[PDB]
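Undergrad: partial complex here, more coming in a sec:
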Amino acid sequence: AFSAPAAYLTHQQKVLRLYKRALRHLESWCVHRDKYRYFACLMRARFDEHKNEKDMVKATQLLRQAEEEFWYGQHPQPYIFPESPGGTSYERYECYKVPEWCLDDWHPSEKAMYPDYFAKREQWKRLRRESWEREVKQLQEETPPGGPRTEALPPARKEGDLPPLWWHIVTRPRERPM
Amino acid sequence: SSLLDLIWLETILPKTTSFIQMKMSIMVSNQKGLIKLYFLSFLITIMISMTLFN
Amino acid sequence: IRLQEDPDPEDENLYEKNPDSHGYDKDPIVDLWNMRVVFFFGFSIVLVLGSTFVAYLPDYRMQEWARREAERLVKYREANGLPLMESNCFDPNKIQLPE
Amino acid sequence: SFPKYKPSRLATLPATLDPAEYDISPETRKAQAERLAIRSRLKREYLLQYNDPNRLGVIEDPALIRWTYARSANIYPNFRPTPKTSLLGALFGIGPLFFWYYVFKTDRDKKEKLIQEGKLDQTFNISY
Amino acid sequence: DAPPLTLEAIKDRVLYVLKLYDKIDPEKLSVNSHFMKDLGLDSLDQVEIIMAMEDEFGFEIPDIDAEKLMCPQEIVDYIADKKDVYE
Amino acid sequence: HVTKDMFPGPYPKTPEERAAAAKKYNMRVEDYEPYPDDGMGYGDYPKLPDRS
């Protein structure tokens, strides 16, 4: 989520993702902890058996066969963490997330109900306004002439600068806002 | 939405009528302003009125 | 450019000048009085008074009159053994059928 | 071996089972790089507009505008009367009408015949 | 409902799990020990460590981000940032 | 801010038109593919994979 994706997944990344998915589905099948440990050790034994192979064509064929075997043998109802996309508690608090631009439309009386918070909010707003020009200058200086080849962003190269395009990342609503 | 409302109900009643009216308007107004031509037209009209009306 | 055209103006926010604005007018006094007259007349007068007026409109549809007439007719007819509802609306004596 | 999985339109083929996912030409890698570059350029433009502090309002989306325009206002200029469109329009527009007409006409004819022959149970039918 | 997490608590829990890992020597394990450069693990071991941390803290770490966590301090920072822990 | 040149148009019949359409929709020329010209009104709008 926080990391910019690459153009493709390498063979190592593909096999590692397959390994993790197979272990998760095996844990779904093997409910008990000792049984899961036994069969996870067996699965890692298989992976270590095929770990050393110089023929990339044969390695790719083995990966394809392993993927087909996993798809046949997957759990129809695998365990999903509650906050994971398939989970039962996914996106439950998205209705409680309110942004700071919505915060600044308050009535003067509502603002006066929280005197100390809004002084620091004004300080943050001034800090944001005093850095945008330097951020855009840095962004346009370091980009290739053709255009951005990836979604990764540069850090602050100077002592007094902030990383470009930081406002919404920094001020995103909390995971349990209300 | 697409096949009926936006295409065929448009084609039948409102679009065909507009197309026919535009074609007839072009045909009627496409005149070169030649007195010889429309006076020959007057002569044909006179002959038709004399013969076909009794 | 093909014209000497004004740029598209920025959207104007009523809450910026008048934080306690009712959204009727830019002028605070006219805005407040527009809110007051709309609320008073519409809600109070129209809703409450028209609703009670319609509630207590006189029974000109003759619903209760029809019920009382029906009660009298039912009492008279079932007291004398006559059918409760006559099978004919009009009199066959006064109706003349063709030959 | 294991039974194969047959993809359908409502149950698509998973990426890990796609045969083309394991046969990567060098041109496929540069195509993926170009796709990533396009996505990165669009993301950069959107993020600049999004994080601009002086911006108030909606970041207009040309893709969304194109989609809405193509869905409604761009259909008729690109429509041509073909045999396929003519048959489909005639069917989907007229066939249901005559079908329902036949159904309702037959039902009402049967009901009227029963009424005329006087063997339809209409007792207590006061409201109509 | 649940008591809030803290940076010290997260660090203690991740070091607890790592010391319970058999392939890692508890004595030479520090918060800055690299899993592959100076602990001698590999990709599968790192995947298993990430899965153990997920089971410990009850939330899933996506594969795109999990591959880059090569340090207990990096794991602590990732968990704190995702859970919005600042103290 | 969108110009008249950024709107969907007729079905592209030449490689120059197809390249222009692909550029318009922020797509690669190789990845751009219109609906078949059956007179259903799709035009030059790209045909994307039927996934969700």
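TA: The structure has been received and is ready for your questions. Residues are numbered from 1 along each chain as shown, chains lettered A, B, ... in the order given.

Undergrad: which residue does chain B have closest to chain E?
TA: Proximity of chain B to chain E (Cβ to the nearest Cβ) peaks at residue B:1, 39.3 Å away. Heads up, the C-betas are built off the backbone N, CA and C, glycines and all.

Undergrad: ok, that residue - how many residues close by?
TA: 9 (other Cβ atoms under 10 Å in any protein chain shown).

Undergrad: look at it and give its secondary structure.
TA: Counting by DSSP: H, G, I helix; E, B strand; the rest coil, the backbone at residue B:1 sits in coil.

Undergrad: please tell me how far it sits from chain D.
TA: Separation of residue B:1 from chain D (Cβ to the nearest Cβ, to the nearest Å): 9 Å.

Undergrad: helices along chain D, start to end?
TA: D:26-51, D:62-72, D:83-117 (DSSP state H).

Undergrad: surely residue A:15 touches residue A:63?
TA: Yes. The pair residue A:15 / residue A:63 is scored as a contact, 6.0 Å apart, by Cβ atoms under 8 Å.

Undergrad: next up, the contacts around residue 72.
TA: The chain I'm using is chain A. Counting by Cβ atoms under 8 Å, 6 or more residues apart in numbering or on different chains, residue A:72 touches D:2, D:3, D:5.

Undergrad: sorry, I should have been clearer: chain D.
TA: residue B:6.

Undergrad: tell me which element residue 86 is part of?
TA: All of this is about chain A. Using DSSP states H and E, residue A:86 sits within no helix or strand.

Undergrad: that one: how many residues sit nearby?
TA: The number of residues packed near residue A:86 is 11, by other Cβ under 10 Å.

Undergrad: roughly how far does it sit from chain B?
TA: Residue A:86 sits 34 Å away from chain B, going by Cβ to the nearest Cβ.

Undergrad: one more chain, chain G:
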Amino acid sequence: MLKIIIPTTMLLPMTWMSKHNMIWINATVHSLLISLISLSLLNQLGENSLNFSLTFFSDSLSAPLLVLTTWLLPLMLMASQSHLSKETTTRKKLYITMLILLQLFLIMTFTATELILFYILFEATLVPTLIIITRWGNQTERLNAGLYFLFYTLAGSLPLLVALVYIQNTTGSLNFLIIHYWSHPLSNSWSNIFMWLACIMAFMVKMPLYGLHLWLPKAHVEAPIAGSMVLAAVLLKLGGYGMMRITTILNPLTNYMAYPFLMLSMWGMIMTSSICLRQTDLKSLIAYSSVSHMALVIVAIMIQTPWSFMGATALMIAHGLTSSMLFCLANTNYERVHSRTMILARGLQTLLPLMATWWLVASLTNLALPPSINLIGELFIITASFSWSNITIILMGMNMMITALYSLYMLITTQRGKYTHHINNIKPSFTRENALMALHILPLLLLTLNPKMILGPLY
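TA: The block that follows adds chain G to the chains above:
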């Protein structure tokens, strides 16, 4: 009726003589007073109508429509004052004048006692609506929408004029009372078939009937908010009122000539609900919902039973109120984000709670939710259609299911979900907008409380 007609003709000079900043206040106050005065027409007799004079009369069918029009004028004033802040004083006064002229023509149309005066007035309602649309519309398609609306209505209604003058020459009078008492059966001949076609087709185009309705999406989408409110709330009810008036002299030919229109209405109700299921524009969704409800009203009038007329009247009133409220809500959303795309703005429930409540209430009334007058009318029409035939229940059930589907789809898409991140110009809802929604919704619930006032003469 002069006690209501003259105050409108006095609204005109008051608006044109008022100050530059008092036009809205004066117009709203006096429109509300006129509505309160017009509330007195609901006291009707059970035997016959209220015959004020030789020219105007009021009936149990005319009274609710007049009250609806008089109540609708101030709401249009509020919405117009919302969207015309930067207009010049003369143009604001012209807009108010157009609205007042439309209201005056509608009142006279509903109270007219002759078919020819009714025709003249209901054709006179075209000019203010056309001017409003083609002058204060926002997008380019307003000109095309105005042309479509005008020519559909006129091509429908000119044969009605010819048939009306022919009927007057044949029978001696176009007075509604006389044509009701002196009615004679319409024999099955080609001439009678074409006279029936002229009258019914004029009012069907006004309804609109399925297949003759494209002008409705074109106009309602491209009209300003006041035009959208008046077009759906009242101007669609002229066709129903006319059909309920003229069907006295069209019997027994209506028994044989109603089949194509019934089939069109039912199938087009299904089709327009399905179209609502896949609309990328909110105003278009509301417009097609209006088309479906009016198709149901057409079915009721065509089956022509005492239970169908009451349902038709109740459904007309309920649909007017509901469609007006929905258009107002969509207009507030549009003024927030300056676009009509449905998926552009989301999370409006977590950004604007009271507006989410108004949306929920409006969508609940849009679908037939008991004991609302919407459900009362729909249920009466369904019962009458069931007595007519036993597959109409299948069609009505399909329509109800799809109606609930698209109403809740609109509600969920607009209000629920997560807010759009880049839309940060959504200011809190105004007291004016909240009052507009409240004044839209409260009369509907009060009419639910007292339902005999909108069930028409057949009650």
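
Undergrad: try the neighbour count of residue B:1 again now we have chain G.
TA: For residue B:1, the tally of surrounding residues (other Cβ under 10 Å) stands at 20.

Undergrad: can you count the residues close to the spatially closest residue to it that is not a sequence neighbour?
TA: Excluding the flanking residues, the one nearest residue B:1 by Cβ to Cβ, 6 or more residues apart in numbering or on different chains is residue G:275, at 4.9 Å. Neighbourhood size, residue G:275 [other Cβ under 10 Å]: 25.

Undergrad: against residue D:91, how distant is residue G:275?
TA: For residue G:275, the distance to residue D:91 equals 18 Å [Cβ to Cβ, to the nearest Å].

Undergrad: distance from the chain centre to the longest helix seen in chain C, please.
TA: In chain C, taking DSSP H as the definition, the longest helix is helix C:63-79. Put simply, helix C:63-79 sits 31 Å off its chain's centre (Cα atoms, centre = their mean, to the nearest Å).

Undergrad: got the buried residues for that helix?
TA: Of all the residues in helix C:63-79, not one is buried under the rule 16 or more other Cβ atoms under 10 Å in any protein chain shown.

Undergrad: any residue of that helix up close to chain D?
TA: No. Contact of helix C:63-79 with chain D (Cβ under 8 Å from any Cβ of the partner chain) is absent, the minimum separation being 15.3 Å.

Undergrad: neighbouring contacts of that helix?
TA: For helix C:63-79, the external contacting residues (Cβ under 8 Å, 6+ apart) are C:59, C:82, C:83, C:84, G:46.

Undergrad: now it - C-alpha only, CSV.
TA: The C-alpha coordinates for helix C:63-79 follow below in CSV (Å, rounded to 0.1, in the frame of the first residue of the first chain):
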residue,chain,number,x,y,z
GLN,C,63,-70.7,11.0,4.5
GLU,C,64,-72.5,11.2,7.8
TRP,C,65,-75.8,12.3,6.2
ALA,C,66,-75.5,9.2,4.0
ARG,C,67,-74.8,7.0,7.0
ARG,C,68,-77.9,8.3,8.9
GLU,C,69,-80.1,7.9,5.8
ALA,C,70,-78.8,4.3,5.4
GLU,C,71,-79.5,3.6,9.0
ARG,C,72,-83.1,4.8,8.7
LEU,C,73,-83.7,2.9,5.5
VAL,C,74,-82.2,-0.3,6.9
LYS,C,75,-84.4,0.0,10.1
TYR,C,76,-87.6,0.7,8.1
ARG,C,77,-87.0,-2.1,5.5
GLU,C,78,-85.9,-4.9,7.9
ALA,C,79,-88.7,-3.8,10.3
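
Undergrad: here's chain H, add it to the model above:
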Amino acid sequence: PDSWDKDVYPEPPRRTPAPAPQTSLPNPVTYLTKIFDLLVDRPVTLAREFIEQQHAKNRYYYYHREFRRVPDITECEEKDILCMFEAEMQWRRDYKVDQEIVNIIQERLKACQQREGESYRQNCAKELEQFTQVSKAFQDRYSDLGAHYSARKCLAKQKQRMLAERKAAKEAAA
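TA: Chain H now in position relative to the chains above:
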């Protein structure tokens, strides 16, 4: 009660069995009934007595409007608008009265079914016959007139029914 007429709205005499307890246990229903009478019945009765005393000080009356009979559509000449208007109004009033008669009979039927309870199929056969006869007559009168019903349409329907009956009688006698 004297608010309505016992002949128009009959109720069979009420036979309530006497209580015959067979146990020494106290009756919670009796105790709660006594509590309800003490706490609610007496206050509401006192309030109603006060209200009715207030009413008796300003006693005024309202009357039942009486309509005389007028010549009907059978006597009205063709296209005589005044006589047709009078006859149509009288016919509409009679139609309303007949609707209310049917309503009264339906109320009788519902009340009898509820009162008899588990033995309604046998003890309500008397009110079912009256409802059947009234519904038959009402249907023969105003069964299929339509939305634009009128005294002329009802008269035409009656003429058609009379002609059909005459034809059937002639065929039977032949």
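
Undergrad: repeat for the buried residues of helix C:63-79, accounting for chain H.
TA: Buried residues in helix C:63-79 (16+ other Cβ under 10 Å): C:65, C:66, C:67, C:69, C:70, C:71, C:73, C:74.

Undergrad: residue at max distance from the center of the chain?
TA: By default, I'm working from chain A. Ranked by distance from the centre of chain A (Cα atoms, centre = their mean), the top residue is residue A:109, with 39.4 Å.

Undergrad: ah, I was thinking of chain H
TA: Outermost residue of chain H (Cα atoms, centre = their mean): residue H:24, 48.1 Å.

Undergrad: for that residue, grab phi and psi.
TA: As for residue H:24, its main-chain torsions (degrees, to the nearest 10) stand at phi -80, psi 0.

Undergrad: can you check residue G:56 too?
TA: When quoted as degrees, to the nearest 10, the phi and psi of residue G:56 stand at phi -120, psi 140.

Undergrad: for burial, what's the neighbour tally of it?
TA: The local packing of residue G:56 (other Cβ under 10 Å) involves 21 other residues.

Undergrad: do residue G:48 as well
TA: The local packing count at residue G:48 equals 15, with neighbours defined by other Cβ under 10 Å.

Undergrad: list the contacts for it?
TA: Taking Cβ under 8 Å, 6+ apart, one finds H:89, H:92 in contact with residue G:48.

Undergrad: checking it next. Helix, strand or coil?
TA: coil.

Undergrad: same deal with residue H:9?
TA: coil.

Undergrad: and it, what does it touch?
TA: H:104, H:107, H:108, H:111.

Undergrad: also residue G:305?
TA: Here residue G:305 is in contact with D:128, G:384, G:387, G:388, H:146, H:147 (Cβ under 8 Å, 6+ apart).

Undergrad: wasn't residue E:61 part of a helix?
TA: No. Per three-state DSSP, residue E:61 lies outside any helix segment and is coil.
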